[PDB]
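The structure appears below as structure tokens.
Number of protein chains: 4
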Amino acid sequence: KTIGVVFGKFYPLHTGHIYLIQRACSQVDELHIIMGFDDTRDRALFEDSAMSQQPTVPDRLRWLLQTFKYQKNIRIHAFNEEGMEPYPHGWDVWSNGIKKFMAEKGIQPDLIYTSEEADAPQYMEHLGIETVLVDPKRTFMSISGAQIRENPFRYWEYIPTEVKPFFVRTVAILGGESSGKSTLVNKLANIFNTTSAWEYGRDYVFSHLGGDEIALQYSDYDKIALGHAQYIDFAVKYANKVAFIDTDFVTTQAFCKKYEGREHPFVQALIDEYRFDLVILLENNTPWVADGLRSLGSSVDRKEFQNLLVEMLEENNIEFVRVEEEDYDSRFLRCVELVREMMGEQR
Amino acid sequence: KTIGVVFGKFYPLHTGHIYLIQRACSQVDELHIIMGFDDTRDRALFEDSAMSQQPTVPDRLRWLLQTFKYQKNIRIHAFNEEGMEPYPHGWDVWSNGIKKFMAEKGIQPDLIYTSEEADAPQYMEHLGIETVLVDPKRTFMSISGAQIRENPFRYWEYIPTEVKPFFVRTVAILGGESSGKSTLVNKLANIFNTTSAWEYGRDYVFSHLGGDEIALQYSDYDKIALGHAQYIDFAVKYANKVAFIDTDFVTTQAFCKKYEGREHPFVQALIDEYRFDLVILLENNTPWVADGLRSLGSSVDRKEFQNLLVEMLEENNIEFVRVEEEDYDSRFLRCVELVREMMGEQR
Amino acid sequence: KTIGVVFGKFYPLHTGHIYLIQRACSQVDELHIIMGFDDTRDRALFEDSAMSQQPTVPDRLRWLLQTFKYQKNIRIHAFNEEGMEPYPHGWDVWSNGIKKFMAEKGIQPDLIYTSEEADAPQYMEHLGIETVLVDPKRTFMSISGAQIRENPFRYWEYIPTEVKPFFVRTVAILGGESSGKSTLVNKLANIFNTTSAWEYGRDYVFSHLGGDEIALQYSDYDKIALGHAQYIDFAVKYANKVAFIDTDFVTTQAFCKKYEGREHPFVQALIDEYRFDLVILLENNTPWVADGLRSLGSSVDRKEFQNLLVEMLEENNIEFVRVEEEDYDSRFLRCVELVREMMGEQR
Amino acid sequence: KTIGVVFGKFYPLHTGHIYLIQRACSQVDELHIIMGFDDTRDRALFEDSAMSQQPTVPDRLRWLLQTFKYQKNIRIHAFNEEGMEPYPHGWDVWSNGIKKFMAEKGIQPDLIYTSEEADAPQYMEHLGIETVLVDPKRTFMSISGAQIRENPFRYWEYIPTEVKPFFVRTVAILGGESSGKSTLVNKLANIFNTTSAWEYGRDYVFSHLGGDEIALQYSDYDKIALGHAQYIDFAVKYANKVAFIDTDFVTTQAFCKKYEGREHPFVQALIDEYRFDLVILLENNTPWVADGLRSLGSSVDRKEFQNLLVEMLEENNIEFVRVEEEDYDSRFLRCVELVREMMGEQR
Ligand SMILES: NC(=O)c1ccc[n+]([C@@H]2O[C@H](COP(=O)([O-])OP(=O)(O)OC[C@H]3O[C@@H](n4cnc5c(N)ncnc54)[C@H](O)[C@@H]3O)[C@@H](O)[C@H]2O)c1
Ligand SMILES: NC(=O)c1ccc[n+]([C@@H]2O[C@H](COP(=O)([O-])OP(=O)(O)OC[C@H]3O[C@@H](n4cnc5c(N)ncnc54)[C@H](O)[C@@H]3O)[C@@H](O)[C@H]2O)c1
Ligand SMILES: NC(=O)c1ccc[n+]([C@@H]2O[C@H](COP(=O)([O-])OP(=O)(O)OC[C@H]3O[C@@H](n4cnc5c(N)ncnc54)[C@H](O)[C@@H]3O)[C@@H](O)[C@H]2O)c1
Ligand SMILES: NC(=O)c1ccc[n+]([C@@H]2O[C@H](COP(=O)([O-])OP(=O)(O)OC[C@H]3O[C@@H](n4cnc5c(N)ncnc54)[C@H](O)[C@@H]3O)[C@@H](O)[C@H]2O)c1
């Protein structure tokens with residue numbers, strides 16, 4: 064009893080929608096969310112926006128599902144509105160489609176919750192369900208979805224953590240052994256006040272092979288890669304407008320192919336799935352420093368792995384940048400301007 | 064061996080200082096930070112600022128130590144400058160004191176890193192050490208420490224996560240069991256796009272006593288409270304200008320004293336140590352619903368625990384607010400407006 | 064609704080009781096366990112047994128509660144039989160007492176589950192409740208509780224992990240800084256194929272103070288102590304008849320008193336609560352090892368801390384042993400010899 | 064310098080070898096272990112033994128690497144002795160092969176550590192390196208490797224946690240939706256005093272999709288499987304002679320093929336890699352009980368999934384057992400006799 068229904072494109076979902084839904088859910092015993100999609104309209108919206116990746120219907124479903132995880136009276140549905148006139152001219156076919164969708168899903172709504180004053184009479188006259196206006200003057204939040212899509216980094220405090228991955232500009236740094244990748248990633252995450260992701264390969268090697276790579280085999284090489292992804296998902300979930308990644312899947316695929324002689328289908332699937340906004344490739348220019356934790360001191364093998372990284376980066380058609388400064392300070396500076404140019408703010 | 068020294072009040076530490084220190088540390092083999100303090104001056108600065116809690120010398124040492132955890136060439140020292148003329152009249156006694164401080168600490172600095180163009184000649188002529196200017200035009204960051212102290216919620220992206228606990232306005236919600244504390248805390252953390260801390264008591268009970276409180280004893284009551292603190296430290300470390308706390312130490316003292324007959328010194332020390340900016344107290348207005356897990360379903364026991372909570376809140380002289388609305392939506396609105404008044408954002 | 068009741072002192076609980084309870088609970092909607100205790104009888108049983116620590120009524124309640132944590136239809140109660148007639152007269156007063164106890168606890172049992180052939184007719188005669196015999200020939204398990212109490216290390220596979228802490232012979236190793244405690248504890252845990260507990264203080268310092276001890280304060284010194292306990296609870300929960308502990312609460316109390324001038328009530332409460340079967344004290348025979356973390360390089364301070372450890376060990380009247388061999392191999396041999404003697408079983 | 068070398072096939076490694084190696088490592092600055100292998104001899108040894116799975120050279124390397132993880136002065140190598148007459152007549156070419164291996168690996172041994180009285184003069188004559196006898200009377204451990212291979216469950220306390228996975232008899236239980244297999248796995252782990260592994264799919268669904276499977280996609284179906292393996296590795300690492308597994312990879316393959324319409328190469332690779340000693344198939348005897356979390360309440364879908372499970376089990380040539388008894392107590396009993404027959408220890 065007392066069923067509440069919220070309609071919305073939710074593209075993207077922001078804290079105004081959250082405030083609306085959580086003001087509505089405290090007033091009803093069960094709240095149903097129905098989000099409609101159209102492939103061409105959503106594709107155009109993504110094209111004209113500043114999102115890093117294009118969401119799919121399951122991805123936006125995941126947004127809404129992760130937002131209300133600890134609220135047990137909220138259900139989520141996705142609806143298809145192909146072959147319909149756009150708003151506000153397709154007010155007849157859309158209503159019939161939504162009525163059929165509710166009939167299929169068994170929903171018997173009693174109240175419709177909305178924050179548009181002109182849309183309420185239209186809802187009442189078509190869907191025949193009484194509507195309740197929540198925050199009609201937009202006192203809690205005044206920012207609109209278009210302003211968020213155009214400039215997300217100025218309204219960063221209104222974007223939930225589940226919606227953040229499609230707005231975070233992820234930076235992947237690649238480099239040879241003992242090239243200073245980890246310290247550079249840490250410094251970049253520090254000055255930018257954001258998160259970072261470490262190379263899961265070293266963690267896996269120590270926590271499963273006692274710290275030696277002699278016992279590494281083909282079947283292991285697909286855990287590492289997948290484990291690496293579990294770090295990336297973390298760094299992008301809590302980033303401050305930018306996240307930094309210590310190593311790509313190109314490097315793990317390269318290690319797998321060079322040691323075991325054959326590729327791995329799931330690492331290639333991850334390569335295809337995971338696309339990075341900016342990729343930075345360091346060089347082997349820095350002289351070798353003896354440490355004691357790695358006996359692979361030969362620079363010929365380093366150059367061979369670097370060249371194989373270049374060719375495998377070209378194989379998947381992945382764009383990257385090269386930094387050639389021997390000194391660490393200049394390389395840090397150049398990475399700073401690269402990130403700042405990626406941000407899109409000029410001098 | 065190419066020693067670099069940075070001087071600073073660092074009160075509070077912000078991303079401009081971080082950028083300075085990490086531009087300096089990549090250029091030297093070892094960077095020493097010397098932080099001078101004066102009790103009365105720092106007390107006045109805290110009084111005139113908007114910080115939630117007053118930092119101590121160990122607390123700011125902890126700031127600087129947690130910032131550069133993964134940078135292994137940075138050392139931190141604290142120095143006392145009592146009985147010295149303020150800047151810039153005290154350019155002679157301070158220099159002698161700081162020189163004696165390096166003498167006692169064994170530092171032999173070679174370079175001093177600073178971002179003040181006017182201060183460089185005094186450094187050169189007093190300490191006899193060449194100075195290096197880093198970002199003299201403040202291109203990377205232009206915000207000053209005073210602007211952060213006066214209005215920290217507008218420059219929130221420049222405050223590190225180690226310095227954040229002394230700026231986050233922590234809200235503690237108190238209420239009886241099965242009164243809706245958890246859902247309210249979750250909703251407040253959702254609409255405000257911030258973190259929250261759950262009641263560690265339930266977690267401890269399930270993970271150590273099989274989910275029943277019959278096996279609870281006096282010596283257990285000091286684990287729970289301390290464990291509760293480990294949640295609070297998390298919520299304030301990642302908050303979006305405000306953190307929400309599900310239960311205070313007053314409640315665990317209440318349970319301990321009512322079930323065991325005696326208090327516990329450590330949880331009282333925690334009460335003294337942990338001070339909250341806003342405390343909200345709910346009522347027993349909501350009717351009891353049979354759950355099969357609590358035998359104290361009578362409203363008499365609930366009222367007794369509520370009155371004991373009130374008297375123990377008065378015993379420690381802790382101010383709080385009372386919300387009496389039976390409906391959930393009105394209570395949520397009252398909590399929202401209380402938090403908004405606490406924010407202080409004027410119109 | 065189809066209520067089953069199981070009686071027993073469960074002192075200690077073993078896998079025969081577990082098998083009986085699982086077989087009973089697979090056949091009833093809810094199973095109630097009622098365990099009776101008598102102070103003098105239980106004290107005598109503990110005295111004549113080989114348990115390391117004496118359980119209390121809450122401790123045995125915790126055993127039974129942690130055993131059936133994921134079985135949601137099992138309840139647990141404790142009953143008092145003081146002022147009781149001597150055996151075998153204890154079949155009439157005990158029946159009245161249990162009937163009354165079930166009266167205030169509201170239980171209305173329908174079946175009594177037992178594994179005694181002769182006790183069943185007396186149960187039927189006194190309690191008036193039909194009894195069901197489970198495994199009357201003891202096919203699944205034949206070992207009795209007395210054999211477990213006398214020799215627990217020969218029937219180690221029948222003792223649950225919740226009951227194990229009162230049978231594990233915990234060994235605590237104490238020694239000066241950089242004396243080799245960690246490697247010795249690891250070797251002892253390796254050759255004995257068991258668990259160990261690391262010093263939580265180092266972990267806390269690195270994970271909360273950036274790895275330096277300057278930011279350590281009085282209020283911190285309690286967390287460390289409690290954290291240390293959380294390691295001990297782990298090591299004893301999975302030990303192979305013996306668990307090894309890297310540091311006692313005497314050392315953390317010593318550090319707190321030396322660096323603060325006052326003790327801590329909760330560390331003293333932990334000292335009183337936590338009693339170790341064997342305590343081993345090492346010497347300062349090995350030369351100090353430079354690491355870069357300690358400014359107290361003088362051996363005078365090391366000897367002062369060692370003497371303070373001795374005096375604080377004597378203050379609470381805690382017995383210990385001294386190992387004085389300079390070489391590591393002989394010290395390992397002496398530790399093995401001491402542990403083997405403390406086992407008490409020669410072959 | 065003081066280099067020490069230990070020889071042995073370590074097939075399997077037991078606590079006598081650990082005691083030898085850790086008595087030798089305290090006496091030398093660096094210890095080297097060299098495992099010689101022969102494919103046919105090792106295959107015959109595995110055939111005549113009672114191991115559940117056949118180790119490979121990397122697997123035994125992993126044993127030795129994980130055992131001495133926290134001992135930093137131990138290195139591990141593998142050596143090939145193809146075309147060698149067995150001991151003790153192949154004492155001539157074997158010495159030359161080991162000398163060449165020393166030359167390749169750069170080892171310059173100073174002492175050889177062994178526990179054989181007759182081999183010491185032979186070692187001195189051939190390898191020309193002084194030998195040290197450790198525990199020649201086998202006082203600490205007297206059990207031999209052959210006794211462990213023939214009967215591992217009577218010397219279970221001598222098998223390290225790294226070697227245990229190749230001796231644990233893993234049991235995998237398969238059942239329909241809401242068939243109660245988790246409680247059965249828990250009961251079996253309880254009465255056998257061992258570990259178990261839960262279905263990682265439910266955990267992944269709640270922790271990544273808000274608790275609903277609507278947002279499940281093809282690329283997700285490969286994390287779940289991998290995550291499931293991470294549970295299995297745990298359960299077998301701490302098992303008491305037997306580990307219980309809640310779900311196989313056949314079920315996740317079934318779900319992936321049924322919903323997404325296509326298989327996944329990595330889950331098939333896991334199927335090939337992970338072979339279980341006993342597989343138990345639970346059918347749909349128990350009637351479906353409505354809960355509100357699954358809308359496929361019809362038994363037709365359950366029957367279809369069971370039939371697809373059967374055909375995919377037959378496709379991979381995996382043997383299994385069907386338990387059709389309705390009673391939960393009877394099914395628990397039947398699983399008990401199945402596990403006991405697998406144990407092979409009769410009356
Ligand atoms: N011709 C058509 O195709 C048909 C025509 C009639 C219906 N519309 C449908 O109506 C649906 C509604 O789309 P939408 O534009 O409203 O999506 P939306 O995400 O922009 O809005 C979702 C809801 O949240 C409310 N809201 C937004 N910001 C708020 C804030 N700051 N505070 C409080 N509330 C706020 C909105 O008033 C709205 O009710 C569309 O999916 C669309 O399919 C389309
Ligand atoms: N008491 C006296 O008379 C004596 C006189 C001479 C020395 N001073 C001492 O010198 C110390 C210096 O303190 P402070 O006032 O510089 O504290 P501060 O935190 O404001 O400065 C810290 C350092 O960081 C630099 N910095 C600040 N913002 C920056 C930004 N956005 N980008 C780059 N760099 C930035 C500053 O130039 C400064 O060098 C004082 O603590 C004080 O003890 C005092
Ligand atoms: N003076 C008297 O009249 C008499 C004296 C002895 C018993 N006590 C009463 O009896 C109670 C204690 O009962 P208890 O002695 O049976 O406790 P118990 O722990 O020895 O046994 C508990 C239950 O587990 C069963 N069991 C034990 N081992 C088993 C195995 N290997 N397999 C299957 N089942 C197994 C036992 O048959 C028993 O039913 C006391 O609380 C007290 O109330 C009174
Ligand atoms: N090709 C062949 O068949 C044959 C030919 C030459 C000799 N072996 C070679 O020599 C080595 C074989 O050594 P192994 O058979 O002794 O392997 P092993 O696993 O049986 O023992 C390895 C070492 O551990 C010692 N040890 C075993 N149990 C002990 C205990 N309880 N306490 C203390 N020490 C204990 C042994 O004395 C031995 O030194 C291999 O490298 C192998 O290649 C092979």
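Residue numbers (the deposited numbering), protein chains in the order written: chain D, 64 to 410; chain A, 64 to 410; chain G, 64 to 410; chain J, 64 to 410.
For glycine and all other residues, C-beta sits at the position ideal for the given N, C-alpha and C.
Where residue i sits in the DSSP three-state scheme
{"i": "residue 191 (chain J)", "result": "coil"}
{"i": "residue 67 (chain G)", "result": "strand"}
{"i": "residue 241 (chain J)", "result": "coil"}
{"i": "residue 160 (chain J)", "result": "helix"}
{"i": "residue 80 (chain G)", "result": "helix"}
{"i": "residue 327 (chain J)", "result": "coil"}
Length of the line joining the Cα atoms of residue i and residue j
{"i": "residue 200 (chain J)", "j": "residue 181 (chain J)", "result": "13 angstroms"}
{"i": "residue 246 (chain D)", "j": "residue 394 (chain D)", "result": "12 angstroms"}
{"i": "residue 185 (chain J)", "j": "residue 124 (chain J)", "result": "27 angstroms"}
{"i": "residue 209 (chain A)", "j": "residue 117 (chain A)", "result": "16 angstroms"}
{"i": "residue 194 (chain D)", "j": "residue 297 (chain A)", "result": "41 angstroms"}
{"i": "residue 187 (chain D)", "j": "residue 258 (chain J)", "result": "59 angstroms"}
{"i": "residue 332 (chain A)", "j": "residue 289 (chain G)", "result": "15 angstroms"}
{"i": "residue 339 (chain A)", "j": "residue 236 (chain A)", "result": "10 angstroms"}
{"i": "residue 130 (chain J)", "j": "residue 375 (chain G)", "result": "37 angstroms"}
Closer than 7 angstroms at the beta carbon, the chain J residues around residue i
{"i": "residue 132 (chain D)", "result": "273 and 274"}
{"i": "residue 285 (chain D)", "result": "329"}
Whole-Å CB distance - residue i paired with residue j, under 8 angstroms assumed
{"i": "residue 141 (chain J)", "j": "residue 98 (chain J)", "result": "5 angstroms"}
{"i": "residue 252 (chain J)", "j": "residue 307 (chain J)", "result": "5 angstroms"}
{"i": "residue 224 (chain A)", "j": "residue 301 (chain A)", "result": "7 angstroms"}
{"i": "residue 169 (chain D)", "j": "residue 128 (chain J)", "result": "Wrong, their Cβ atoms sit about 57 angstroms apart, outside the cutoff."}
Under 7 angstroms from the C-beta of residue i: neighbouring residues of chain D
{"i": "residue 223 (chain A)", "result": "256"}
{"i": "residue 124 (chain J)", "result": "277 and 278"}
Under 9 angstroms by beta carbon: chain D residues contacting residue i
{"i": "residue 357 (chain J)", "result": "Those within 9 angstroms of residue 357 (chain J) in chain D number zero; the least Cβ separation is about 14 angstroms."}
Interface partners of residue i on chain G, CB under 8 angstroms
{"i": "residue 328 (chain A)", "result": "328 and 329"}
Under 7 angstroms by beta carbon: chain A residues contacting residue i
{"i": "residue 250 (chain D)", "result": "85"}
{"i": "residue 78 (chain D)", "result": "254 and 256"}
Per-residue contacts from residue i into chain G (C-beta, under 7 angstroms)
{"i": "residue 121 (chain A)", "result": "278 and 280"}
If the cut-off is 9 angstroms on Cβ atoms, which residues from the stretch 329 to 350 of chain D count as contacting chain J, listed in chain order? Cβ proximity to chain J below 9 angstroms picks out 329, 332, 333 and 336 from the stretch 329 to 350 of chain D.
Residues of the stretch 286 to 316 of chain A whose Cβ lies closer than 9 angstroms to any Cβ of chain D, in chain order: Per Cβ criterion, the list reads 301, 303 and 304.
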